Amino acid sequence: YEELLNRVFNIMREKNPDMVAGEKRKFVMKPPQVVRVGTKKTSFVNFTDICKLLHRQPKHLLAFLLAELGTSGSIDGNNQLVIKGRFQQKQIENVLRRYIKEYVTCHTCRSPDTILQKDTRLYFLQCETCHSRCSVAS
Amino acid sequence: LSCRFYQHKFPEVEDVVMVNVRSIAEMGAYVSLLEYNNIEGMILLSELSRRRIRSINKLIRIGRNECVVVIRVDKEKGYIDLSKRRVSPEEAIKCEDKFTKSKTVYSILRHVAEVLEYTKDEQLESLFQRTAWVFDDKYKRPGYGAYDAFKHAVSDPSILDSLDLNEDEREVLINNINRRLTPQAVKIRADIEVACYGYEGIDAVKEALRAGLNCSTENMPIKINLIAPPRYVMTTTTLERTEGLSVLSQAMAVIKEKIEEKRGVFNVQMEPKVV
Amino acid sequence: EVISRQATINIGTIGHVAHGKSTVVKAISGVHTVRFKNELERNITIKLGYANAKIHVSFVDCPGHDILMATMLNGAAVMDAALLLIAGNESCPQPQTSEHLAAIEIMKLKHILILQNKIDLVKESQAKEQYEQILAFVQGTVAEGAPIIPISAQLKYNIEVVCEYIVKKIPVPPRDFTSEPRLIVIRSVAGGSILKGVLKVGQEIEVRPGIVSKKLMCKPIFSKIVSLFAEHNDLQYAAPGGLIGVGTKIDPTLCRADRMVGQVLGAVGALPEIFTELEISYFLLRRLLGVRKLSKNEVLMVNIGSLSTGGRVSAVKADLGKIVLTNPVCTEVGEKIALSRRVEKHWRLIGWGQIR
RNA sequence: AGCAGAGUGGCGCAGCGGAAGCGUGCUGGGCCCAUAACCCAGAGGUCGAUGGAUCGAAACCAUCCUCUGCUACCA
């Protein structure tokens, strides 16, 4: 096996100063500075920042955000987005942790090169580091 | 010229007419009888709906067309009087159907009289009587029987040779009488699987295909299109449905019968249905 | 240049669920095994896979999921060989690798290769632990001899050495031509490998099981070959190994959704027996393999070709059972069988044997 | 390769051969001592690309693209 211990030390990708990334989930923790009127408004800010920075194009976060709790609301600009009802900061932040957790990042590779695709019938996702079939439906 | 839709001038009693509204006052609501030459009329404020009313803005709003039942007609004054409470929505559906059909007849007549450069307006009343109202008489009703008349007219010109028009009037009549009523292209379709088999089941299904491609009707072509080796849509392009569906099911029957010699079982997929 | 010929090998791909077995089989052959929409969305293998590449080689893509295991085992009985890919994810991959290895030991497929995939993704420490785990796990089973070569199938690094190593160590076996001719149908286009004899397009052929007619009984079905194919390519001849495509006379609507699947094919002239009851001399395993005394009237699963079928035990003894099946299975001659029983809603391999 | 809806004038359904039409929701008033109920008023202007008249084309009708919901079975 020590031929293959030498192999696992010598069949790696080309030795660059990056190293192992065990639980390298990206904490670029930017929850919205939600200003709530106290009755029926929340304003998502830093939304174009996520909506362009994270590799998930516009209108594709919208339906998933409106999916959780079924709350209505639509565009009012990406930044300063009006969503029906009152939410707390950590909860919608945690929903964004969930969004990263299962939809734009899978644990096969936690890397921010999970560019969007769509196959013949269902939304599929790959990863330019690995090009896997992360067909999300649930 | 804009005139009466039909031969008659004033509406008859207890009909249902589509009307549009002009004003709103205290003692009632003024209205524009669009279906008969835009003549004014009034609907009383009491004569609206038999419910505890709350918002007259909700029922009749300035600038929308609604169904009314004519109530009290008189001639020596012309005091047209309508209502809405004695109107059940089934009559409303028939009313909008009839008024829309009359708007199609009026639109095509406006088209032919305009493209004739027939500016002459009593002559447009003459043209209405010379073709439209007499065709209303020929099926003895305005609207649906008129639709029956033009239903022949765009297809068979024989009833259109029972007019009085000149050389050019038939030209503009055909020029606007055809290209506004027939987009049909009604193609009878039935996707089907014939699941016959046997020891020689290759030649059982190929004999079914032999029957399927030689029992083809001439003016109504029974074509065949394969996507999967047992799947094919039966397609006939004929405009009249009663011949097409009948000879589709007859052709399918003789195909299934001649391959009912060998063990013929049928995988049902679809039914004879036009577009 | 390389010769265009029928495939000489069928190579299985096994391992724990989501370990990357399917990507590796795709990497080797170049064809996508996933037929079903559900399989693509779920990211698991529902049906038995097939893919081809010249070397002519083929890959057999097995399901990682615990529930789907029985179909893979049935296909494995047809399979000439297999490759075990062992991912970076876990030292103990997930019970089924051992179970398939035990099935292989009963079947007598000793020539095994262990593939260490995804070395780039996992740590050196995991590799050392895996080495110790591999040494403990492989010992005392058929897998004990198997070599381990690290590679990344998806990335395509060290593939050339892998092809030479696999070619050298895991040779294609010949064929046993003398026995009555058999072609195996896995799906219903139908795929399989020609074990003996030969078939030609336009030749009359037979499906030995045939069909259970709507007591109801089954008469073997003799039919003709519309065409002859190897995977989705047409060839004049077929040998053992790989998935060859066998055309039949049956209407494809009847065959649709794997209705014919599990049957065996022979020439029309050939005489195969279609039997409700069979006698098998068997032995039983020490422990319950499926997790992470036999009595009469029980339903057991027998894998012949792609089929698995139940029957009832009228009487039970130490090594023999007689079963009456719900639909008939064709037994043309004596051969090899693996025995499984359904416990806790999943089929589990209890033992194996030969039909006398 | 089979069946429908779509190429938003303010959220949602598209109201049908004359442009938001309505249900809803939002923002704001009125009624009430208050609250609910109910009533009322409001929103930056080729609304896929192409043909044919038209007083007519987001909302005519045919065409090409994509989308969704639904196919089937083998690679």
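Cβ placement follows ideal geometry from the backbone for every residue including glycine, while neighbour counts extend to all protein chains displayed. Values quoted throughout were computed directly from the atomic coordinates according to the rules given, and no laboratory measurement underlies them.
Taken over segment C:75-106, the residue count meeting the criterion of being within 15 Å of RNA strand D (Cβ to nearest atom) and touching a strand residue (DSSP E or B) at 6+ places or on another chain (Cβ under 6 Å) is 1. Of all residues in segment B:69-97, those satisfying the criterion of being out of contact with any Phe, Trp or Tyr (no Cβ under 7 Å at 6 or more places or on another chain) and either among the hydrophobic types (A, V, I, L, M, F, W, C) or within 12 Å of RNA strand D (Cβ to nearest atom) (or both) are B:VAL69, B:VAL70, B:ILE71, B:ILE80, B:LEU82, B:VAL87, B:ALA92, B:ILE93, B:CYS95, B:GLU96, B:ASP97. Condition check: on the phi < 0 side of the Ramachandran plot and within 14 Å of chain A (Cβ to nearest Cβ). Does C:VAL78 satisfy that? For C:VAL78, the condition - on the phi < 0 side of the Ramachandran plot and within 14 Å of chain A (Cβ to nearest Cβ) - is not met. Among the residues of this structure, B:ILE174 counts as one that is farther than 30 Å from C:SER223 by Cα, surrounded by fewer than 18 Cβ atoms within 10 Å (Cβ to Cβ), under 23 Å from the mean Cα position of the chain (by Cα) and within 15 Å of RNA strand D (Cβ to nearest atom).
Among the residues in segment C:192-215, are any more than 13 Å from every other protein chain (Cβ to nearest Cβ), within 23 Å of the chain's Cα centre (by Cα), surrounded by fewer than 18 Cβ atoms within 10 Å (Cβ to Cβ) and of a type in the set (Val, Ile, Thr)? There is at least one residue in segment C:192-215 that is more than 13 Å from every other protein chain (Cβ to nearest Cβ), within 23 Å of the chain's Cα centre (by Cα), surrounded by fewer than 18 Cβ atoms within 10 Å (Cβ to Cβ) and of a type in the set (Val, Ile, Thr). Could you grab me the full set of residues in segment B:220-255 that are surrounded by 14 or more Cβ atoms within 10 Å (Cβ to Cβ) and within 14 Å of chain C (Cβ to nearest Cβ)? Matches in segment B:220-255: B:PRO230, B:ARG231, B:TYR232. Of the residues making up segment C:127-158, those that are of a type in the set (S, T, N, Q) and either surrounded by fewer than 19 Cβ atoms within 10 Å (Cβ to Cβ) or in contact with an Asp or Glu (Cβ under 7 Å, 6 or more places away or on another chain) (or both) are C:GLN133, C:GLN139, C:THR141, C:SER152, C:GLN154, C:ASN158. So is C:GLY242 in a strand (DSSP E or B) and either more than 14 Å from chain A (Cβ to nearest Cβ) or more than 30 Å from C:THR97 (Cβ to Cβ) (or both) or not? In short, no.
Of the residues examined, C:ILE166 is one that is away from chain A (no Cβ under 12 Å), within 22 Å of the chain's Cα centre (by Cα), farther than 30 Å from C:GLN354 by Cα and not aromatic (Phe, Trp, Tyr). Residues that are facing chain C (nearest Cβ under 8 Å), among the small types (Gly, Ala, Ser) and closer than 21 Å to C:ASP120 by Cβ within segment A:108-135 comprise just one, A:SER132. Only a single criterion out of (1) within 15 Å of B:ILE202 (Cβ to Cβ); (2) assigned to a loop (DSSP other than H, G, I, E, B) is not satisfied by C:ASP258, namely (1).
With respect to the conditions (1) over 11 Å from the mean Cα position of the chain (by Cα); (2) polar (S, T, N, Q); (3) more than 16 Å from RNA strand D (Cβ to nearest atom), A:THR105 lacks only one, and its number is (1). Check off (1) assigned to a loop (DSSP other than H, G, I, E, B); (2) within 14 Å of chain C (Cβ to nearest Cβ); (3) surrounded by 10 or more Cβ atoms within 10 Å (Cβ to Cβ) for A:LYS26 and give me the number that stays unchecked. Failed condition: (2).
Among the residues of segment B:50-68, those that are more than 13 Å from RNA strand D (Cβ to nearest atom) and either touching a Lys or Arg at 6+ places or on another chain (Cβ under 7 Å) or farther than 11 Å from B:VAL16 by Cα (or both) comprise B:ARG50, B:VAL68. State all residues of segment A:79-94 that are in a loop (DSSP other than H, G, I, E, B) and away from RNA strand D (no atom under 14 Å from the Cβ); if no residue qualifies, say none. Answer for segment A:79-94, where residues must be in a loop (DSSP other than H, G, I, E, B) and away from RNA strand D (no atom under 14 Å from the Cβ): A:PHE87, A:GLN88.
Considering the conditions (1) of a type outside the set (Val, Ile, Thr); (2) more than 14 Å from chain B (Cβ to nearest Cβ); (3) in contact with a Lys or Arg (Cβ under 7 Å, 6 or more places away or on another chain); (4) more than 16 Å from RNA strand D (Cβ to nearest atom), C:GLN263 is excluded by exactly one of them, (4). Of the residues making up segment B:256-274, those that are within 16 Å of RNA strand D (Cβ to nearest atom) and more than 14 Å from every other protein chain (Cβ to nearest Cβ) number 5. Looking at segment B:187-208, which of the residues that are within 12 Å of another protein chain (Cβ to nearest Cβ) and part of a helix (DSSP H, G or I) is farthest from C:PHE222 (Cα to Cα)? Ranking the candidates gives B:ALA208 first.
Total residues in segment B:122-148 satisfying the condition of being of a type outside the set (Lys, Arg), assigned to a helix (DSSP H, G or I) and more than 16 Å from RNA strand D (Cβ to nearest atom): the figure is 13. Scanning segment C:14-47 for residues being away from chain A (no Cβ under 12 Å), away from RNA strand D (no atom under 16 Å from the Cβ) and surrounded by 23 or more Cβ atoms within 10 Å (Cβ to Cβ) gives a total of 4.
Within segment B:209-219, if we keep just the residues that are outside any loop (DSSP other than H, G, I, E, B) and away from chain C (no Cβ under 14 Å), the residue that is surrounded by the fewest Cβ atoms within 10 Å (Cβ to Cβ) turns out to be B:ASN214. Among the residues of segment A:111-123, the ones that are within 24 Å of C:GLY88 (Cα to Cα) and either within 16 Å of RNA strand D (Cβ to nearest atom) or under 10 Å from the mean Cα position of the chain (by Cα) (or both) come to 2 in all.
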